[PDB]
Structure formats: C-alpha cells, structure tokens
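Trainee: What follows is a single structure, and I will ask about it in a moment.
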Amino acid sequence: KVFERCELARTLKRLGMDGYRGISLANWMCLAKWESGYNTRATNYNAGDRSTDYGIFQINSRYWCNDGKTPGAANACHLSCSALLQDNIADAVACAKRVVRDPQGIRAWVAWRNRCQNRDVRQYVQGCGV
Numbered sequence: 001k002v003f004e005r006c007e008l009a010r011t012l013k014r015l016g017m018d019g020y021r022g023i024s025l026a027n028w029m030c031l032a033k034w035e036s037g038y039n040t041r042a043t044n045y046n047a048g049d050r051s052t053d054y055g056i057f058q059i060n061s062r063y064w065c066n067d068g069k070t071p072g073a074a075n076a077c078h079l080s081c082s083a084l085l086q087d088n089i090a091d092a093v094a095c096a097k098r099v100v101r102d103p104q105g106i107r108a109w110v111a112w113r114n115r116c117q118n119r120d121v122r123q124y125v126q127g128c129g130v
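Residue numbers (PDB author numbering): 1 to 130.
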C-alpha cells in the first residue's frame with residue numbers, strides 16, 4: 001500500500017510515534033518518505049552484504065527481522081521480514097520502535113542523516129491535523 005502523506009501522519013500518531021524516544025512525528029514522516037516513498041511493499045536487496053531492506057521504514061534483515069537467507073543475522077524485532085510487507089503497519093511500527101531503543105536512535109538510518117537531520121521537517125506534517 002502507498003499511503004498518502006496526511007493519512008500516514010495520522011496513523012503514526014495513533015500508533016504512538018510522536019515523540020517516541022524523543023523523535024518527533026515529522027522526523028518519522030521524513031524517514032518513511034525518503035526510505036520507501038510511503039510504500040509498505042518496498043524491498044531493497046543489498047548485493048554488497050546479502051541483506052534486504054523491508055517495508056515502509058526499510059528495516060534491514062541483518063539485525064531486525066528474519067528472512068532466512070541473510071548470513072549470520074539476528075532478528076531483534078522477533079518477526080519474519082514478511083510482517084514488514086503488510087498494508088497494516090502495526091508490526092513495522094513496533095519494530096521501528098525497537099530499532100530506536102538502541103543508542104543510535106533515529107541515526108540508525110543513514111537516509112535520515114542525509115535528508116532529515118538539521119533540516120526544516122515541518123513540511124511533512126503541515127495541514128495533516130496532528
């Protein structure tokens with residue numbers, strides 16, 4: 001499913017993402033936008049290390065979810081990577097919450113550093129009523 005901007009903003013707030021571990025809703029929106037373009041079925045294979053990024057937040061199989069084919073990987077979210085390809089984003093959100101509970105926080109995604117960090121991210125939530 002490809003979410004519309006404000007539709008996603010409202011869904012994320014209801015799932016308790018606003019201010020989670022100090023991360024504002026607009027930051028989560030900026031992350032989803034640059035990671036998948038708000039697309040829940042997005043997958044990206046990394047030929048370099050044999051891992052795959054899954055879903056709206058593009059969560060990596062090396063540490064967060066199990067897909068069976070990634071070498072010496074972990075599954076911190078205790079989920080099949082398939083769970084991160086559903087239209088219902090509850091599982092993806094629960095896993096994203098787990099990722100930021102680590103010391104790096106939102107910095108775990110290099111895309112956030114490149115496209116969101118130190119920028120005016122207000123635009124991602126403007127007019128959405130959140």
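All residues carry an ideal CB built from backbone N, CA and C; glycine is no exception.
1. Please report the straight-line C-alpha distance between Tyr124 and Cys30, rounded to a whole angstrom.
2. Is it a yes or a no for the stretch 43 to 55 touching the stretch 15 to 31, going by three-plus beta-carbon pairs under 8 angstroms?
3. So, does the stretch 65 to 79 touch the stretch 28 to 42, judging by three or more C-beta pairs under 8 angstroms?
4. On the criterion of 16 or more Cβ atoms from any shown chain inside 10 Å, does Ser82 qualify as buried, or is it exposed?
5. If we ignore side chains and look at the alpha-carbon of each, how far apart do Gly105 and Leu85 end up?
6. Rounded to a whole number of angstroms, what is the C-alpha to C-alpha distance between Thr40 and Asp87?
7. Per the DSSP calculation, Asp53 is bridged to which residue(s)?
8. Contact check, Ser61 vs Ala42 under 8 angstroms by CB: the rounded distance?
9. Which residues mark the beginning and the end of the alpha helix (DSSP H) in which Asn27 is found?
10. For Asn88, which of helix, strand or coil comes out of DSSP?
Mentor: Reading off the structure:
1. 6 angstroms
2. Short answer: they don't touch.
3. no
4. With fewer than 16 Cβ atoms within 10 Å of its Cβ, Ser82 is classed as exposed.
5. 23 angstroms
6. 6 angstroms
7. DSSP lists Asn44, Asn60 as partners of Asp53.
8. The pair is not a contact, with the Cβ atoms about 14 angstroms apart (cut-off 8 angstroms).
9. 25 to 36
10. coil
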